[PDB]
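Residue numbers 701 to 878, in the entry's author numbering, belong to the letters of the sequence shown in order.
What follows is one structure encoded as structure tokens, with my remarks underneath.
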Amino acid sequence: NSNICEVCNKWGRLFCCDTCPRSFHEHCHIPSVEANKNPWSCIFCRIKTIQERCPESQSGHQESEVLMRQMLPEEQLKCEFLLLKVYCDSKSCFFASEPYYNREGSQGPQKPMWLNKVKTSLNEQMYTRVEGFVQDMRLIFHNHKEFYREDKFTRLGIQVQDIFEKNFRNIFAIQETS
Ligand SMILES: [Zn+2]
Ligand SMILES: [Zn+2]
Ligand SMILES: [Zn+2]
């Protein structure tokens, strides 16, 4: 197994996957690492299995159909992965915890959103459709764009949203286009 966390790339107290060489801090993994379960498989391994059990799952999909899907166990899982994929980028540090808004010439968002809040929402089963998860994800970056305006710090929202969107297309097998 790896000696660093797959998500944050730091050593420390790590739980090793029994079916692949990745390791995780307790709270870096989504969902949080399960107390017992021997062997244990990580979310990378659980997502792999879904594709292997239904290879047709990787044919192209329309985003509109993906969003309207109900949050049954397999969609819940894919959203937990996608979220995890964003935390693997170090730049997610800027979007992780609750932000606050006091900049000259800007006004803060009507509806503030952050990754730890999305994380909590997923864990408490507050989304009924994929749409709800993806709306809040995108809200994160959209609030950052509007707030930071022409300050170059706005690029952090573009950068991190690109990670989100690429990984959304991958994980949910969105039909490729130009
Ligand atoms: Zn970690
Ligand atoms: Zn694994
Ligand atoms: Zn089949």
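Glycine included, C-beta positions come from ideal geometry on N, C-alpha and C.
Exposed unless 16 or more other CB atoms sit within 10 angstroms - verdict on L822: In summary, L822 is buried, with 16 or more beta-carbon neighbours lying within 10 Å of its beta-carbon over all protein chains present.
Collapsed DSSP secondary structure at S757 in the structure displayed: Here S757 sits in helix by DSSP.
Segment contact flag, the segment 747 to 764 with the segment 843 to 863, C-beta cutoff 8 Å, min 3 pairs: Segments in contact, no.
Within 8 Å, strictly: CB atoms of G760 and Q875: Yes, they are a contact pair.
Nearest-angstrom beta carbon gap, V707 and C779 [assumed within contact, 8 Å]: About 16 Å separates the Cβ atoms of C779 and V707, ruling out a contact at the 8 Å cut-off.
Inter-residue spacing [alpha-carbon to alpha-carbon] between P809 and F847: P809 and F847: Cα-Cα distance of roughly 7 Å.
Contact under 8 Å by Cβ, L784 with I840: No, the Cβ-Cβ distance between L784 and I840 is not below 8 Å.
Continuous alpha helix (DSSP H) stretch holding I840: start and end: Following the DSSP letters along the chain, one finds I840 inside the alpha helix (DSSP H) bounded by residues 830 to 848.
Of the listed residues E824, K845, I730, nearest to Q807 (C-alpha basis): For the residues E824, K845, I730, the minimum Cα distance to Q807 belongs to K845.
Boundaries (first-last residue) of the alpha helix (DSSP H) holding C779: For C779, the enclosing alpha helix (DSSP H) starts and ends at 773 to 787.
DSSP three-state assignment for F724, whether helix, strand or coil: Taken through DSSP and simplified to helix, strand or coil, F724 comes out as strand.
Close-in-space but distant-in-sequence residues of the same chain around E798 (CB under 6 Å, 5 per side omitted): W814.
Opposing strand residues paired with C716 [DSSP bridges]: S723, per the DSSP bridge assignment.
Proximity of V766 and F872 at Cβ, strictly below 8 Å: The Cβ-Cβ distance between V766 and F872 falls below 8 Å.
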